[PDB]
Amino acid sequence: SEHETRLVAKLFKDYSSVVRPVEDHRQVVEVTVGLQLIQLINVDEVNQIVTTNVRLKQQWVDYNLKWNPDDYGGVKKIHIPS
Amino acid sequence: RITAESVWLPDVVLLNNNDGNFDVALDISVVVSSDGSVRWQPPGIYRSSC
Amino acid sequence: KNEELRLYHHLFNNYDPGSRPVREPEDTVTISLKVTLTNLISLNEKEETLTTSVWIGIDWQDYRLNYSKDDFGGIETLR
Amino acid sequence: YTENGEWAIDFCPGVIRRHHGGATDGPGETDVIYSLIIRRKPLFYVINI
Amino acid sequence: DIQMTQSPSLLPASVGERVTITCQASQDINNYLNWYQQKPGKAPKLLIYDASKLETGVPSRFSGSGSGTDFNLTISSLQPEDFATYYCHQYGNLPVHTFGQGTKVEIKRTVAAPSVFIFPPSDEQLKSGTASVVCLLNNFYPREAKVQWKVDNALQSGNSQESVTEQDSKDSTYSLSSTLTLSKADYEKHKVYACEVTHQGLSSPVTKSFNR
Amino acid sequence: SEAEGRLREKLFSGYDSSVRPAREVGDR
Amino acid sequence: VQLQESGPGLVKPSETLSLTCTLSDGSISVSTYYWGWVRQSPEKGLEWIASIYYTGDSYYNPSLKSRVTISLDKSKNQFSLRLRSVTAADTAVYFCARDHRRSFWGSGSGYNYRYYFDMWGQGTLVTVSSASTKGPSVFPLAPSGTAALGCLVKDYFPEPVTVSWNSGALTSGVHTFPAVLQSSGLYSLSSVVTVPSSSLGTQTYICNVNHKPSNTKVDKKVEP
Ligand SMILES: *[C@@H]1O[C@H](CO)[C@@H](O)[C@H](O)[C@H]1NC(C)=O
Ligand SMILES: *[C@@H]1O[C@H](CO)[C@@H](O)[C@H](O)[C@H]1NC(C)=O
């Protein structure tokens, strides 16, 4: 918690969510997208609308959000607000 | 008695909700004891798939 | 270092989104408008309501946000 | 494009209108009006009613 | 295809020194080169990528430089935890990889002459029907030394095996053994047996011998 | 409630509400 | 968040060396990573073997492409290597690694790529030998102002062997050297120690060698 508190403070000291998270502007952000269908809620034939419950798994790399675990008590993974 | 957004909360949600609403109806406040124990009793209107 | 960050700082460190992009108060801003309809959802006769799904393309010129790609490593667009 | 089950879009002209341009009317105003001319497909009412 | 030659194979240095390792590519690879550090009994760790960019969490002491063909890995101020084996790695537009030969960075000190010892095979090993002659170099720096086996003043070859220990923290020295294996009959056929040691720290070579 | 205010300011100094409470890594 | 190798530590010659790398806290179906194998030997240094994409595209070291088959398993989040016709030259520490691919856009050319190994496993040593378990033979190398003595441990297999002097009492000046693989396919080494001459007659020196697969425990007294 103290280690994670220090880490979270360090990572977002000068972070920007405006620009793409790349170390060079010519680099392309590569996102792996995977859909999980939990429930088929409805199929409205009159209005031609299908309602579904889904999870939209998205995986990418932020090159400004790396750290060495040894410098932060061995913390290897965290959960942060999106 | 502290506002719930001021403290860490576990992200406990109703996974099998039907209308897409996962969280509680009102955050209200947690009760924190001197030993670090935290009790939270938020209300919730839940529509669960059955 | 991502040149996008330097470009963003150059364009937005001194920028007022509340003011129109006009050099004088009496100048007019011209907006190019397109409306693309994706779906006609419904027409409720009881409520007399047309539900549609669209997306609006809106183009204009902001002289304060002007830059050249040569001064920023070849960036031609910034989101 | 997937056509609506009951409605067919026949026309959709757009027009840029300007008004309130008179001296007494104050500053001028403008807007853009699109006129969706749509046609009902009455097959359901013919078959069922 | 592309081949990478890393120099020097051994770079003795002291704390505070500025050291430089070089990697030469056979062809022009632009800056498509990374550098890795590997401590003993550990996986390699990335230090520099694209030949000049420092990976996050790496100390600023390490720097990289270079264009096509020639590349460099510099350490400005060598520290106690920077003693390791460094590698240059080359990649292309496809995941095809070539690792250069390692470059070891060891602790530097003054030259120490070997203590040379010579041990015959035991009578038990002769009872087993073989004969090992063990010639030991103790507490010598640098690692560079030559050992030669002489039988009645006749040189041997192809029947001697070397073994060397790592540098010890207390004294920062090396130790070597040369084992010469022969059959019992070959061992009994000759009288005098010697090992002959040459080292930069020795004014002249030193020979240790025995007679049966 | 001056004492309560002082206690609150003491407790919420350096406190990160987004950080899960784990004194050591691996604590559940 | 971590990679773990698993496989036999010993393979007979001409058999197939099979290794499997398992991911901990991660998915193998990621577009930005290849999954590869790199071996390290004392004589050859680091050497990349092969890499595989999650869609199945594979790339191979040209020297080892004939004998290598790299494969994937999405259900288990695993990727495996199978090296055929394995000989003594293949003895090495095999690491499984994540090849981090960065994509770059070229005007008019499209995507171009760069790579670095950012994640490694611990490394599994594989030894390729047709020998079987056998106990060491201990021989005392007796000493000739400081006198050196030792124990020669000869013809044991497989590694390692633990050597101690006087039940661990004597440690200063003790040097145990790395094992050497002989032409017979069996390991050997010597453990040496230097002591004062005047203590040769007053102090006792015994070497305890212990070899686990053979369960060999030899306490050889080294004296003149
Ligand atoms: C925008 O600035 C660039 C230099 O950054 C200059 O070349 C160009 O003339 C400017 N454009 C306008 C429309 O002012
Ligand atoms: C590496 O450094 C040496 C010593 O300064 C220099 O001679 C050599 O040109 C350098 N090589 C590079 C930068 O590729």
Side-chain angles (χ1 to χ4, degrees), chain A residues 19 25-26, chain C residues 1-17 19-24 27-32 58-79, chain E residues 2-14 16-37 46-55 58 60-78 82 84-91 98-105 108, chain G residues 107 114 116:
Chain A
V19 305
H25 82 271
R26 284 185 299 271
Chain C
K1 183 178 179 180
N2 187 0
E3 278 280 8
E4 293 189 334
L5 192 74
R6 190 168 72 81
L7 175 56
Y8 170 82
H9 171 83
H10 176 69
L11 296 175
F12 289 101
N13 82 295
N14 191 63
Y15 183 83
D16 185 14
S19 305
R20 285 191 302 129
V22 285
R23 301 198 176 267
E24 301 297 330
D27 293 354
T28 315
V29 182
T30 306
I31 309 296
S32 295
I58 270 170
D59 295 21
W60 76 95
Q61 207 86 356
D62 197 332
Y63 76 97
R64 303 167 293 182
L65 297 180
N66 164 70
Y67 67 99
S68 186
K69 66 170 204 228
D70 304 285
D71 297 324
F72 292 97
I75 292 158
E76 291 151 41
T77 315
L78 185 70
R79 283 83 172 176
Chain E
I2 299 94
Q3 294 123 3
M4 320 286 314
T5 300
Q6 215 176 301
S7 61
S9 183
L10 257 160
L11 199 161
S14 58
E17 210 187 314
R18 164 168 196 106
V19 307
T20 306
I21 310 99
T22 308
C23 189
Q24 183 160 3
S26 57
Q27 315 180 2
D28 204 294
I29 62 174
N30 195 351
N31 63 342
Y32 282 49
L33 177 63
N34 312 311
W35 288 92
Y36 293 89
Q37 161 184 273
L46 181 67
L47 291 186
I48 286 122
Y49 63 98
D50 295 353
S52 64
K53 297 172 180 172
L54 213 82
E55 174 70 336
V58 167
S60 32
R61 309 180 300 248
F62 295 97
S63 80
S65 63
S67 306
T69 69
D70 289 345
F71 303 86
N72 264 356
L73 184 70
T74 304
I75 325 182
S76 310
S77 310
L78 217 170
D82 294 330
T85 313
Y86 296 85
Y87 291 80
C88 55
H89 158 230
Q90 179 267 323
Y91 58 94
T98 291
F99 288 92
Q101 311 93 2
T103 288
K104 195 186 165 2
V105 169
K108 197 195 251 276
Chain G
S107 33
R114 291 184 177 251
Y116 48 61

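Throughout, a chain's letter reflects where its sequence line sits, starting with A, and its residues are numbered from 1. Whatever order the structure lists them in is the order used to number ligands and atoms, beginning at 1.
- When each of E/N72, E/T103, E/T74, E/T5 is paired with E/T22, the side chain to side chain donor-acceptor pair (under 3.5 Å) condition holds for E/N72 and for no other.
- Between E/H89 and E/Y36, the distance separating the two ring centers is shorter than 6.0 angstrom.
- Within the 4.0 Å cut-off (strictly below), a protein heavy atom is located near atom 11 (N) of ligand 1.
- A donor-acceptor distance shorter than 3.5 angstrom exists from the side chain of C/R64 to the backbone of C/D16, with no hydrogens or angles considered.
- Near E/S65, meaning under 4.0 Å from any of its heavy atoms, are these atoms of ligand 2: 13 (C).
- When distances from atom 14 (O) of ligand 2 to the protein are checked, a heavy atom turns up under 4.0 Å.
- With respect to atom 8 (C) of ligand 2, the closest heavy atom belonging to the protein is E/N72 ND2, 3.7 Å.
- A cation-pi arrangement, defined by a distance under 6.0 Å to the six-membered ring centre and an angle within 45 degrees of its axis, is present between G/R114 and E/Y32.
- When the heavy-atom distances from atom 1 (C) of ligand 1 to C/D70, C/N66, C/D71 are ranked, the shortest goes to C/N66.
- Remark: E/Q101 CD to E/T85 OG1 distance equals 13.0 Å, nearest 0.5 Å.
- For E/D70, heavy-atom contacts with ligand 2 shorter than 4.0 Å involve the backbone as well as the side chain.
- Residue contact check: E/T20 has heavy atoms under 4.0 Å from atoms 1 (C), 2 (O) of ligand 2.
- Among all protein heavy atoms, the one lying closest to atom 7 (O) of ligand 1 is C/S68 CB, 4.3 Å.
- For C/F72 and C/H10, the distance between ring centers is under 6.0 angstrom.
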